Amino acid sequence: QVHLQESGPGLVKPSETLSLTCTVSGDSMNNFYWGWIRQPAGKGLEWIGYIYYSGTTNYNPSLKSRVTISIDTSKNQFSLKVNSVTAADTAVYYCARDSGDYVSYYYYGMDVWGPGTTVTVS
Amino acid sequence: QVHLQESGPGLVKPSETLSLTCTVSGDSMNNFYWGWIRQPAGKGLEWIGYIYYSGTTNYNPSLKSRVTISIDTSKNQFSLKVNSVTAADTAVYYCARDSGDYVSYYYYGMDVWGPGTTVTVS
Amino acid sequence: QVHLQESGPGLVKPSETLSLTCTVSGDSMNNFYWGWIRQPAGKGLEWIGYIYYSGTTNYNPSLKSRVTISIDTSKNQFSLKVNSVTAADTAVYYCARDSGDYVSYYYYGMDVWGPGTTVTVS
Amino acid sequence: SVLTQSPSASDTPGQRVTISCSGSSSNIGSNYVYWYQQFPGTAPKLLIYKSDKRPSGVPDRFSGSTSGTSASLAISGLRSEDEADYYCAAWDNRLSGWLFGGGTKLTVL
Amino acid sequence: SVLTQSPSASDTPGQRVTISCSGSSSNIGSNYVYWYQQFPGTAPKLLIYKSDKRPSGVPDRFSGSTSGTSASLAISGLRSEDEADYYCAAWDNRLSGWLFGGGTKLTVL
Amino acid sequence: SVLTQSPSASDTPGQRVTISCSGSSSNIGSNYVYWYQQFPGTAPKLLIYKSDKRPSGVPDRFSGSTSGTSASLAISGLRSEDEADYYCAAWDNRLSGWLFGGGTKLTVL
Amino acid sequence: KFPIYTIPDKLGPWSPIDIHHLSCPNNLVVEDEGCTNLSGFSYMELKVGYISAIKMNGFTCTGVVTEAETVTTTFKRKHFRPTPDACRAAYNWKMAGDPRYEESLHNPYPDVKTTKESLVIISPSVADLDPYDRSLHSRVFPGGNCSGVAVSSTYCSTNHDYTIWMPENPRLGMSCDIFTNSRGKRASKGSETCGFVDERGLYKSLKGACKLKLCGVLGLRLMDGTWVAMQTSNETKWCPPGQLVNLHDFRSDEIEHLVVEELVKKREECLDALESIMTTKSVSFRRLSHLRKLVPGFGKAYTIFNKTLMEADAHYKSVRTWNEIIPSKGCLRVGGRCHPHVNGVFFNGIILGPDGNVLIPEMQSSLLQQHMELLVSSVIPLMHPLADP
Amino acid sequence: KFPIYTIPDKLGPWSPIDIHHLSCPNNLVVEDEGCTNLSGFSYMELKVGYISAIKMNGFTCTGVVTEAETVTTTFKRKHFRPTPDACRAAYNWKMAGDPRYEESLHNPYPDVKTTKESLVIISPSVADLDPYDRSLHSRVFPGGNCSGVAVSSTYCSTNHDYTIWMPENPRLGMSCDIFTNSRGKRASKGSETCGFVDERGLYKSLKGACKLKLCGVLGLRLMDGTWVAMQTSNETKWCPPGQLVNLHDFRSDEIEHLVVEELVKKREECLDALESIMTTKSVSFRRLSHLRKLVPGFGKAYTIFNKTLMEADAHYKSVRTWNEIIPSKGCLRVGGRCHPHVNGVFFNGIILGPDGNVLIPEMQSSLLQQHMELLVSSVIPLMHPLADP
Amino acid sequence: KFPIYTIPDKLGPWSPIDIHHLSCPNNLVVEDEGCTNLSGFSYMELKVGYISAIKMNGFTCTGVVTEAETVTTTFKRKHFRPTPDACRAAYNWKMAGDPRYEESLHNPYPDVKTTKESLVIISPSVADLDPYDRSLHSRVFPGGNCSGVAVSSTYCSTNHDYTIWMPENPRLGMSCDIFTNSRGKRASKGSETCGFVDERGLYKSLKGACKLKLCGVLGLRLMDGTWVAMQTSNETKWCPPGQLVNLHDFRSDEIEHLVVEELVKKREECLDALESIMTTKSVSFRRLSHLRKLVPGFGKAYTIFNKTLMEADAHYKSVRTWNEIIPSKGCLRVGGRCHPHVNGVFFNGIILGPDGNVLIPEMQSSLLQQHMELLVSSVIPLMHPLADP
Ligand SMILES: *[C@@H]1O[C@H](CO)[C@@H](O)[C@H](O)[C@H]1NC(C)=O
Ligand SMILES: *[C@@H]1O[C@H](CO)[C@@H](O)[C@H](O)[C@H]1NC(C)=O
Ligand SMILES: *[C@@H]1O[C@H](CO)[C@@H](O)[C@H](O)[C@H]1NC(C)=O
Ligand SMILES: *[C@@H]1O[C@H](CO)[C@@H](O)[C@H](O)[C@H]1NC(C)=O
Ligand SMILES: *[C@@H]1O[C@H](CO)[C@@H](O)[C@H](O)[C@H]1NC(C)=O
Ligand SMILES: *[C@@H]1O[C@H](CO)[C@@H](O)[C@H](O)[C@H]1NC(C)=O
Ligand SMILES: *[C@@H]1O[C@H](CO)[C@@H](O)[C@H](O)[C@H]1NC(C)=O
Ligand SMILES: *[C@@H]1O[C@H](CO)[C@@H](O)[C@H](O)[C@H]1NC(C)=O
Ligand SMILES: *[C@@H]1O[C@H](CO)[C@@H](O)[C@H](O)[C@H]1NC(C)=O
């Protein structure tokens, strides 16, 4: 039932920031981890990081210095900001609900993925 | 040296019983498990169960309610009775001496198998 | 840098002995095991045994009775003597420095092998 | 620590194909492995929701098995619609982050 | 718990063939595995009387090896007389009964 | 205890080849495995100086992996110069001596 | 496969116990297949600290004779079984805390012979109440089955022939304000409801439940011991009379393959630590850590305050990263609040290190860290000085 | 790979021991390859309870001086080494059980000084007899090698200088009715007989045997310690003089790969439990279960009656299903008969539970069951109060 | 993967400790990649027995009052905190060993009341010296941080309020003859020197070092604690002031995957044995063997002479065959010399068996051998009788 939709800028100049945000509809945000997955065009997937409904954060060590994730339960929306934008940043970004292996036995793995949104760097 | 020969009815009407019995010749029945193996025509083998020279019994859980095994050391003969006969019962039945893995180090596995006898249901 | 050169008789009559010796040049003999490897023509390799700079010895069980190994640190030379020579003995012999797996973490395995020398039996 | 997977796979129709992922003790030996299927130009979907279990709506010909340090996803029957990129994911205790292996691209022959 | 084995095998003459049985921890990881050979219309016979040992009268080209949770029976040389159905059996502690896997039928090519 | 290895291997150019050594618990499960390469008429040289590590001067296409009781040496790319005899060696605690397996001869096809 | 750590979400009031009340936790969780339909619903469950067993406070009376001789001097002491009325009066006077009770006991002054009769009451003792038969269970009662104390005899027998037990209240009165209301989602397979998801977000399996009634509201006693008020199948039977007894469960063990490596092994390691505790009659912070539940189900936490073993009921939640439990130096988050420390001692063996930093035995070990503070062993006094010899 | 459980087939008479006589069992069985010919034959073997070591009963004499002063009052006690003749007389009078012996010892009445000489004899002590040299071995004897007691000196030295040892009989007389006859099949490889199958159905390997002679009939001492009377190769040597000493076996360890996982590991786990017993000087039913032999070979069973450690010789048989050992509630079949229970205590840590049901520690653990009765630990008194300090 | 055994190459002087000074060894060795260039060089390192911690000998003064009454008779004893000058005088008189000091302490003779003041000094106690701040650390000092003893106050506080500590020397004087010169090869990656090979032939990683200065010569404190005098990068920082404190290392644990099976497991097994030692306050030769370092790095050996726990510094070398350590019966080669045995007791739990043969606990276990001598447990007295209660 629950589905996510990504929103945000499509092209960004170098040395700026990304304001991508996705919404959650049909279910509450509690008891679930929420993260962001990105994929360079034609290459494998990468895990940016996740956030919890409580607000604890975790980031990929390779991008720990450049990325921050914020959440707002009042409107069912979480976003991701990258401090520095380079040509390498161009990729397709996905939003996903992360259900931990042991948190809830009913749900396992990253269940729902939103429609991929492309971000380009000029 | 030891060899077994199966004996019993070849065809049986539905809702009756099977009286299959096999004899042991050339060796004593002590210190060995004795069991029965059946095989549907063209399919894999199935383990009905076994009995010990002492008289303890064990049965396949799928057939625990329908099968009984009796032994008579005085004449070197053990038999198998099935309470209910259906069309599924038709198969080829084998008698086998079961030497447990750890009971006697000299003998391992089901050593000797008798000639298969077919049983049909009308 | 270090390299080894084998020396010794090429042909030997049966029931005699082998006096093969190899020299070490460019490095000290301390803290290393030194052994001998032989290979029948067209077959696999075999481990005769090794010796330590201290003088402890070890031999292949299949040849424990026939082979002795001696070392002389003063001239950087170690040798191998076989008590009995048969037609089976003919093989190509190799000298090798044996660096144990746990003795020194810098060196692993049999690092340096000398040029193979053939020994024949008439 | 990383997950290693074959670059590509190819097979004749009507033939079993096996894809294998190899990992360390903290990746596969301690946590479950999830395999994803991605068609080109589409978001990936969770082919198996546990190492062995299958989520509803998945054809039964897909089945995965897990060795102590390695995983395997075998498709019993090959169909024209089975051509996709398959990616295996697992959690790493020491890293404390998800790990994605190099996706294998299966092409029918 | 059950024993899983390939449905069928095929190979050219003079070639090594390997048949594999996969089981749980209580089947293969705790008890020995015995492989049987059955010609059509005949009672099966015990090809190997232990996981590795061979009973007398068995050609030496038959040899089995056991992994921690899996078994394997490899025939080094393929002969016209090697075409038979092979069934692997093992004991199950939890079940307390013998378990027979799906027999693999080997056909020479 | 002994080390078992394939008698021979053959493969078309530009194809991955895998050579496997199988040993007991005291051979591979307790000590590192070293693979050697020997050209005909020449002394063997140490292809890998540890189970996974490569000594300097070795092309990167050579890579070995070690299972708990078995080893494997896989060459990603096959070249005319890769035709050689490969021998795997390991230490045995119980024997207290080095053990050499039956060398596999790789021939390009 | 198990999570790296688990932390209680809510902690009930602490209660004192001894080494003999310890028990290895249950690490099994039941999963059902086919339940794909979810629908919000409201349910009622017991509050924390009452789920395990309603406890009735009491006291034990043991009489002793303080005779002596009288210039000669010699003391004489022999025990006897008292009467309930004098026992209750003694308790009332000890509850008053007046010095008169203290002297009537502590100083014999038996001054030819002279004797002074005395009745000694032990610190309050607690006994589990069984709702189905209104019976009190405890180690002090002989055979562990005292029945109808309120119905027939105000006093119950004890292992010591000269000792009897008395509830603090004249009659077994239990407050019924033990219910809390929470939201959840109902998992339904076909038409039947296989399970429900609770407020904490953990799936609860309804398989193998039995019908019980507490405070006049009908409910179901789940497999793990949690009781929830919801609709029940008529086919489902009533709970067996026996309760609070040695483990006698059957279906789960046979139906769920107790994975040898996953469950049997962990159970053996836990039993090893428990056996060591019983043999040495002492505990250490490292050894206490081995009794923690490895799964999210309801369990019991342990700790030691004033050299006294303590326990409480709790609901466990899984943890993915050590950052969440310890966000900054000196804080262990519990329910979103920094838990307070009594003498720098937390639950389940967690302690505050000399550097003013939180130390977790299973976190330090994973970092190859070692500390002498955790290893230190301290003896624990037995709870029942007289009743149990 | 090992069987799930093993149970003794025949149990010998129980004998008392202490913690220091315990030893980890041998889990190795020797298998031979090539023996494909079997032929019925008859053989003779020792009865159960005599296979381990023929035991000679005895008693120890330790003298003490009961002097005192005499109005003053003060007691004095010093020990001395007595004479064998008075020791034997004292034993005869204690065997009579007359009160005169009791008083001559218990009450000194030494009433200026006055003294009363006393000779105290300890409860009977037992010592293994070595057939080859007719020597008595025991912990009490210094160095564990007392020789020619009957041949030269009726008394043997003890660790305590004031203590001496005396056999109950005047001379070392051993009954020779220790042989039983059984049927079997003889396994022959080529012409040589590699092994024989016994009455119990277990294959016995004849490799590594030595020639011994008991009661004048020549036989072979097998690898496992069992002695059988049968034909022997002249090439086979005589057994080495040393017997009943610290493990000094060689061929089996080198020839048979002591599988690390199968044998070394089990040995380490057993040694851990044994070490814990020695350190804590106490035993528990769970810990006793770790000393059971895991294979069908001959071994020793242990149990605790009247807080005293007990042991006996037995032949072990493998078990495939827990049904065979416990057919119905309250029966543990041994040799086809429901074994009797002394105070609800069986052998090898098996006990009767409070519910009147047989509990096996290795069966309950496999079901994730737990019980406090098995864990409970009880101290065991040392066998030698005076001889060994 | 670990070597079968390790043996010390050089042993420092033995020093006495108690159970509380024990610590699990470090089994991690750092390996670097890319260093392919070697060049002979000379370096300086500390001698064995000084690498761990320079130790300053001392003594503690605790005063007690020996008053009594005086025909009546009654003894009275109360403690007090003395003055440093009388403490030093008492020490000088006890160093003289004259009987006058012995009587002034042992016999009170306080004979209306009469009193006799007494000052008791405890057997010498040792305290680690920190070179960076010239501070003395020890368990006796409260909080483990006594600073500027020589600089300001000759005496330092102790946990007991009536106890004070005194160094044997009037001032903290340390001999600087603690350096030995050895040859080695220098491993260089590119231009930087990643590591050096030592005289023993073991590669030492220079990563993660800090600059320290002992005796006025600048050096580097390596990761494993060894100090070597060599060229240092200016970029490298100075060592953190804190030294000799609870393990606070960081980079190695994160950078090197502490293999779960290889390091974490061995650490848990070691901690189990260490915890058992602390709980039972007794040691056994088998349990001492579990504290041995499994790798060639520098460590500490343990042994028990005259029922006193002993320790020393050593450098460990790997062993490939048990033949090298024990060439013939009765010899354990150490540094190429048969090590001498004190009362048949070697280091690290190695003992001489009753048969006059060297027994190694990890060698006998690998042969399925067992012996009762190794299991035997013996209590160890606490080092600080008064200071620590
Ligand atoms: C034991 O307790 C049960 C449950 O309270 C009760 O029904 C039974 O009568 C008791 N047994 C007695 C009192 O003997
Ligand atoms: C229980 O019985 C009532 C009786 O009318 C019926 O309406 C209800 O459907 C039954 N429910 C179940 C689960 O049997
Ligand atoms: C623990 O001891 C302190 C000191 O007497 C006391 O104030 C505190 O209330 C005690 N806590 C408990 C839970 O008994
Ligand atoms: C030790 O016992 C053996 C066997 O009884 C005997 O031959 C030997 O003489 C004894 N040693 C002595 C008496 O010193
Ligand atoms: C033993 O010696 C006798 C002497 O005649 C001979 O007959 C017999 O065959 C021999 N047996 C063996 C096994 O050496
Ligand atoms: C055990 O104790 C009881 C009670 O004194 C006694 O009757 C019985 O004979 C004892 N059994 C043994 C074997 O000592
Ligand atoms: C603790 O020791 C350090 C190092 O010797 C010192 O710098 C510090 O001042 C000490 N702390 C005190 C004296 O409070
Ligand atoms: C340290 O500083 C001196 C200053 O002249 C310089 O010569 C030297 O190269 C420097 N070395 C390093 C390692 O920084
Ligand atoms: C051990 O005790 C003996 C006997 O008193 C003594 O001679 C020896 O010096 C002691 N050794 C040590 C290291 O104290």
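Residue numbers (the deposited numbering), protein chains in the order written: chain H, 218 to 339; chain G, 218 to 339; chain I, 218 to 339; chain E, 2 to 110; chain D, 2 to 110; chain F, 2 to 110; chain C, 1 to 70, 78 to 118, 125 to 402; chain B, 1 to 70, 78 to 118, 125 to 402; chain A, 1 to 70, 78 to 118, 125 to 402. Backbone N, C-alpha and C fix where the C-beta goes; we use that ideal spot for every residue, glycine too.
Compare the C-alpha of residue i against each of the options and name the closest.
{"i": "C:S341", "options": "C:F318, C:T316 and C:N370", "result": "C:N370"}
{"i": "B:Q382", "options": "C:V241, C:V277, C:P374 and C:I290", "result": "C:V277"}
{"i": "B:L388", "options": "C:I19, C:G12, C:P13 and C:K10", "result": "C:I19"}
Mark residue i as exposed unless 16 or more other C-beta atoms lie within 10 angstroms of its C-beta, in which case mark it buried.
{"i": "G:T337", "result": "exposed"}
{"i": "H:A304", "result": "exposed"}
{"i": "B:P253", "result": "exposed"}
{"i": "I:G317", "result": "buried"}
{"i": "A:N361", "result": "buried"}
{"i": "C:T293", "result": "buried"}
{"i": "B:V392", "result": "exposed"}
Would you check whether ligand 2 has a heavy atom nearer than 7 Å to the C-beta of residue i?
{"i": "C:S246", "result": "yes"}
Let me check you understand the geometry: is the CB of residue i closer than 7 Å to at least one non-hydrogen atom of ligand 1?
{"i": "residue 119 of chain C", "result": "Along chain C, the last residue before the gap is 118 and the first after it is 125, so residue 119 of chain C carries no coordinates."}
{"i": "C:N336", "result": "no"}
{"i": "C:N259", "result": "no"}
With respect to 7 Å, is the separation between the Cβ of residue i and the closest non-hydrogen atom of ligand 7 below this value?
{"i": "B:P25", "result": "no"}
- [ ] Please name the residues in the stretch 89 to 102 of chain F whose beta-carbon is closer than 7 Å to at least one beta-carbon of chain I, in chain order.
- [x] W92, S97, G98, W99 and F101
Open item on the list: Taking beta-carbon pairs under 9 Å, can you tell me which members of the stretch 275 to 308 of chain A lie near chain B?
Closed with: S289, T293, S295, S297, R299 and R300
- [ ] Could you name the residues of the stretch 21 to 46 of chain F whose beta carbon sits closer than 9 Å to any beta carbon of chain I, in the order they occur along the chain?
- [x] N32, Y33, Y35, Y37, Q39, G42, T43, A44, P45 and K46
Task: Residues of the stretch 49 to 62 of chain E whose Cβ lies closer than 7 Å to any Cβ of chain C, in chain order - done: Against chain C - using a Cβ distance shorter than 7 Å - the residues of the stretch 49 to 62 of chain E are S57.
- [ ] For the stretch 240 to 251 of chain G, enumerate the residues whose C-beta is nearer than 9 Å to any C-beta of chain B, in chain order.
- [x] So the close ones are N247, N248, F249 and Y250.
TODO: Could you list the residues in the stretch 322 to 333 of chain H with a C-beta less than 7 Å from some C-beta on chain C, going in chain order?
DONE: Of all residues in the stretch 322 to 333 of chain H, only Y322 and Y323 place a beta-carbon less than 7 Å from a beta-carbon of chain C.
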